[PDB]
Peer 1: 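There's a structure below that I have some questions on.
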Amino acid sequence: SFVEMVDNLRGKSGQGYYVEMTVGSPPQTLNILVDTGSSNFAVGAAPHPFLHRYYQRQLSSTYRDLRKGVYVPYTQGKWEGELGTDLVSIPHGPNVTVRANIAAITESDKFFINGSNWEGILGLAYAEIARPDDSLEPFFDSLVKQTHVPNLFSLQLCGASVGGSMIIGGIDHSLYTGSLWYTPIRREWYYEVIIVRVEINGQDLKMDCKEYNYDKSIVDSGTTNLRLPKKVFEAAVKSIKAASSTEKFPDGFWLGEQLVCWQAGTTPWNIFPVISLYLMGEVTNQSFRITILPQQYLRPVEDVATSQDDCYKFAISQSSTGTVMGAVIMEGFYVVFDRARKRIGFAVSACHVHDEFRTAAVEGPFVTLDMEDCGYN
Ligand SMILES: CC(C)c1cccc(CNCC(O)(O)[C@@H]2C[C@H](C)CCCCCCCCC(=O)N(C)[C@@H](C)C(=O)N2)c1
């Protein structure tokens with residue numbers, strides 16, 4: 001019955017992936033951004049220039065006020081609203097209805113995106129990072145408690161306008177090839193993992209592996225880019241610059257500001273290196289790696305000019321709050337959030353990214369000593 005959930009995600013490049021949901025009685029249909037990097041379920045509940053529609057509490061006979069305010073500040077963007085509960089369903093999901101916490105967004109800043117087609121956010125991470133506090137039960141915890149849906153879901157985000165799948169309650173084996181490789185969830189707040197080694201074009205960055213996880217590493221479908229701590233970011237940019245010194249780019253390109261362009265069909269993919277992230281495995285001294293193609297961290301963008309060339313933005317950003325494995329990393333992999341077994345699985349997606357001589361990969365096993373020391377304390 002998982003086939004009913006295949007291809008239930010849609011989105012625009014750089015504007016996230018969303019699923020169709022209904023809230024209230026009678027059902028109100030809304031597109032909800034799926035975000036594994038937060039734990040609040042929130043919807044537009046008041047007019048906004050970028051909102052096509054929104055939740056109208058007054059029309060829901062099953063709405064209940066919680067008489068408590070709420071606000072969420074993300075790394076970029078924020079909103080504030082009113083808490084309440086209502087009945088929720090997922091048309092292209094499991095065949096159930098749950099009573100869930102809903103933050104009715106009444107005011108927001110640089111959160112909704114002009115013409116993005118989604119009107120709310122579904123935070124899939126754990127209660128610990130829920131606002132206002134961990135007693136506000138997140139959506140997925142409610143789903144699992146109230147129904148027979150097993151405590152795991154999987155995400156297949158397909159790249160370049162974009163689509164994918166959120167398999168709720170299980171794993172759909174037709175969505176990936178090869179074996180699934182699992183990494184422990186270090187702590188149940190964000191989906192936190194431990195990166196134990198980083199290579200660029202097969203060259204180890206040779207840093208204290210604690211730097212990779214300073215101060216945490218998370219898997220976050222609500223973030224576009226791969227975000228790296230200052231020290232790691234500088235090493236990676238230095239390495240990617242050197243591999244691609246055949247050509248020249250504005251330095252604002254390396255900051256994610258300016259885009260770069262090439263004559264349609266002549267993007268010089270070969271001069272951009274592949275990036276390998278090694279993740280802590282399930283057995284002692286064992287890791288596995290995921291390999292990222294340049295087609296993943298060079299995000300295609302529409303050229304606002306009279307030209308119809310190939311234009312891209314550098315989708316690796318500097319971070320001050322740890323490593324973020326964002327959407328461009330998850331694209332091309334099938335990612336299993338196995339909450340029941342405190343682990344996250346990776347496999348090559350059926351909608352994988354294609355190069356001519358190179359391929360994205362999930363390979364193991366590897367031996368890695370002292371992986372324990374890579375976690376930050
Ligand atoms: C809420 C708490 C727990 C919290 C606090 C700080 C950091 C985190 C880690 N997760 C951050 C996040 O992924 O949830 C948001 C989601 C977003 C606002 C949701 C709407 C935007 C979706 C499409 C545009 C993506 C551009 C982008 O990449 N962004 C806008 C990053 C910069 C970001 O900030 N994304 C969680």
Side-chain angles (χ1 to χ4, degrees), residues 37 75 181-187 189-220 223-245 249 251 253-256 271-299 314-330 332-333 335 344 346 358 360-377:
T75 293
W181 289 89
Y182 288 95
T183 197
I185 293 172
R186 188 196 185 194
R187 173 182 165 202
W189 56 328
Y190 298 98
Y191 287 102
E192 191 192 349
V193 303
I194 288 172
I195 302 170
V196 300
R197 180 184 306 165
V198 178
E199 300 181 331
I200 306 296
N201 262 3
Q203 200 104 164
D204 188 339
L205 281 195
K206 306 196 89 35
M207 298 182 62
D208 189 311
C209 61
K210 273 199 178 66
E211 297 295 337
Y212 306 138
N213 309 291
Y214 174 68
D215 63 313
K216 65 184 167 300
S217 292
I218 73 175
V219 178
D220 184 356
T223 294
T224 298
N225 292 357
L226 165 64
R227 306 184 75 77
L228 304 168
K230 174 181 172 58
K231 282 179 174 178
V232 180
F233 174 83
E234 301 172 321
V237 172
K238 178 174 175 178
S239 182
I240 298 172
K241 267 177 185 169
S244 63
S245 50
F249 322 80
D251 179 53
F253 168 77
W254 297 111
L255 295 185
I271 67 170
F272 293 99
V274 302
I275 303 178
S276 285
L277 305 178
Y278 292 72
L279 302 177
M280 173 179 304
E282 293 188 281
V283 312
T284 294
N285 295 331
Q286 172 262 318
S287 66
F288 66 92
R289 78 182 184 208
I290 67 181
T291 292
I292 310 306
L293 300 181
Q295 291 90 339
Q296 278 168 277
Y297 62 80
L298 291 185
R299 187 169 59 77
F314 190 58
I316 306 183
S317 308
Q318 178 174 342
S319 164
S320 61
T321 60
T323 294
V324 182
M325 287 164 73
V328 301
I329 295 301
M330 295 173 67
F333 299 108
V335 183
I344 298 183
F346 293 85
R358 293 173 301 185
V362 187
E363 294 169 327
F366 286 77
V367 57
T368 311
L369 305 172
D370 301 299
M371 288 178 308
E372 293 77 9
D373 300 318
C374 297
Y376 176 78
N377 297 307

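The figures here come from the full heavy-atom set of this structure, side chains too, leaving out hydrogens, waters and symmetry mates. Just so you know, residue 1 is the first one in the sequence shown, and it goes up from there.
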Peer 1: Taking NZ in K210 as the centre, count heavy atoms belonging to other residues, nucleotides or ligands within less than 6.0 Å. Is the count above 12?
Peer 2: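 Counting other residues, nucleotides and ligands, NZ of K210 exceeds 12 neighbours.
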
Peer 1: Answer yes or no: is there a donor N or O on one side and an acceptor on the other, between the side chain of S319 and the main chain of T321, under 3.5 Å?
Peer 2: yes

Peer 1: Let me confirm one number: the CD1-CZ distance from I316 to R299, rounded to the nearest 0.5 Å.
Peer 2: 12.5 Å

Peer 1: So how far is it from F288 CZ to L277 CG, rounded to the nearest 0.5 Å?
Peer 2: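 Nearest 0.5 Å value for the CZ-CG distance: 10.0 Å.
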
Peer 1: Between OG1 of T323 and CZ of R227, what distance do you get to the nearest 0.5 Å?
Peer 2: 11.0 Å

Peer 1: Flag the pair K238 and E234 as a salt bridge only when some basic side-chain nitrogen lies within less than 4.0 angstrom of an acidic carboxylate oxygen.
Peer 2: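 Result for this pair is no, no salt bridge flagged.
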
Peer 1: Taking the side chain as every heavy atom from C-beta outward, state whether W189 and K216 have any pair of such atoms under 4.5 Å apart.
Peer 2: yes

Peer 1: As an exercise, state the distance from CD1 of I275 to CG of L228, rounded to the nearest 0.5 Å.
Peer 2: 7.5 Å

Peer 1: Report, as yes or no, whether the 6.0 Å neighbourhood of atom OH on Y182 holds more than 12 heavy atoms from other residues, nucleotides or ligands.
Peer 2: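 Counting neighbours around OH of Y182, more than 12 heavy atoms of other residues, nucleotides or ligands fall under 6.0 Å, so yes.
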
Peer 1: How close do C374 and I195 get, heavy atom to heavy atom, and via which atoms?
Peer 2: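 Closest pair (atom of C374, atom of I195, distance): CB-O, 3.8 Å.
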
Peer 1: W181 versus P365: any side-chain heavy-atom pair under 4.5 Å?
Peer 2: yes

Peer 1: Examine distances only and state if a side-chain atom of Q318 and a backbone atom of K230 form a donor-acceptor pair shorter than 3.5 Å.
Peer 2: no

Peer 1: Measuring only between side-chain heavy atoms, which start at C-beta, is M371 closer than 4.5 Å to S287?
Peer 2: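 Sidechains of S287 and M371: in contact.
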
Peer 1: Classify the ring geometry between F346 and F333 as parallel (under 30°), tilted (30 to 60°) or perpendicular (over 60°).
Peer 2: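 The rings of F346 and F333 stand perpendicular, inter-plane angle above 60°.
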
Peer 1: Are any non-hydrogen side-chain atoms of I329 and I292 less than 4.5 angstrom apart?
Peer 2: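 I329 reaches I292 side chain to side chain.
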
Peer 1: Looking at side-chain heavy atoms only, is the closest gap between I290 and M325 below 4.5 Å?
Peer 2: yes

Peer 1: To check you understand the geometry: which heavy-atom pair defines the closest contact between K241 and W254, and what is its length?
Peer 2: CE-CD1, 3.3 Å

Peer 1: Would the distance check show the side chain of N201 and the main-chain N or O of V274 forming a donor-acceptor pair, the cut-off being under 3.5 Å?
Peer 2: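 Pair found, side chain donor or acceptor close to backbone of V274.
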
Peer 1: Check for a donor-acceptor pair, side chain of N213 on one end and backbone N or O of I194 on the other, with a separation under 3.5 Å.
Peer 2: no

Peer 1: Report the distance from atom CE of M280 to atom CZ of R186, rounding to the nearest 0.5 Å.
Peer 2: 8.0 Å

Peer 1: Working to the nearest 0.5 Å, report the span between CD of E199 and CG of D204.
Peer 2: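 If we round to the nearest 0.5 Å, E199:CD and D204:CG are 5.5 Å apart.
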
Peer 1: Mind listing the closest non-hydrogen atom pair of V219 and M330 along with its distance?
Peer 2: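 Where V219 meets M330 most closely, the heavy atoms are CG1-SD, 3.8 Å.
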
Peer 1: Fit a plane to each ring of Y297 and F272, take the angle between them on a 0 to 90° scale, and name the class: parallel (under 30°), tilted (30 to 60°) or perpendicular (over 60°).
Peer 2: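 Plane angle over 60°, so perpendicular.
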
Peer 1: Tell me if a side-chain donor or acceptor on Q203 pairs with a main-chain N or O of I200 at a distance below 3.5 Å.
Peer 2: no

Peer 1: Could you tell me whether the side chain of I240 reaches within less than 4.5 Å of the side chain of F314, counting heavy atoms only?
Peer 2: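 Touching, per the 4.5 Å side-chain cut-off.
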
